[PDB]
Amino acid sequence: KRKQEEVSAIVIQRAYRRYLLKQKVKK
Amino acid sequence: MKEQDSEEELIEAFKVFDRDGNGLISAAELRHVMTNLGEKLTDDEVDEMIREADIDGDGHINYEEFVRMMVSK
Ligand SMILES: [Ca+2]
Ligand SMILES: [Ca+2]
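For the record, the sequence lines run as chains B and A.
Numbers given in the entry's author numbering equal positions in the first sequence, counted from 1, plus 1900.
Numbers given in the entry's author numbering equal positions in the second sequence, counted from 1, plus 75.
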């Protein structure tokens, strides 16, 4: 068992990053 | 570095994550969004993320917990 406390954070952080890059069209 | 200020954005993600619109994110609700967003997660993988965010130990992610998870390193 590794827990994945850091990795688990990336899974959620990355998921939100895409949502912003998609929603935040800017132009 | 910008986490506490993310509230403006972190608050928008809630309405998008909370399909029930009750103000609480469960393990089935979160995994549901991950699928559409383009992320495959198992029932165990998701449940592990809920506990990490669940500060009250009820099995649901609230606003105070949402920011914490986002502002967690
Ligand atoms: Ca809900
Ligand atoms: Ca809770």
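The C-beta atom is built at its ideal place from N, Cα and C for all residues, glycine as well.
For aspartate 95/A, the distance from the CB to the nearest heavy atom of ligand 1 is below 7 Å. Leaving aside the five residues that flank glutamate 104/A on each side, the residues in its chain whose CB is nearer than 8 Å to its CB run, in chain order, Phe92, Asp93, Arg94 and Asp95. Flagged as an interface residue toward chain B: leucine 112/A, by a C-beta distance shorter than 8 Å. For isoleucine 125/A, the number of other beta carbons within 10 angstroms of its own is at least 16, and it is reported as buried. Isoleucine 100/A is bridged by DSSP to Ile136/A. Not a single heavy atom of ligand 1 lies less than 7 Å from the C-beta of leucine 105/A. Neighbours of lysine 90/A in chain B, taken as residues at a C-beta separation under 8 Å, are lacking, since the least C-beta distance is about 12 Å.
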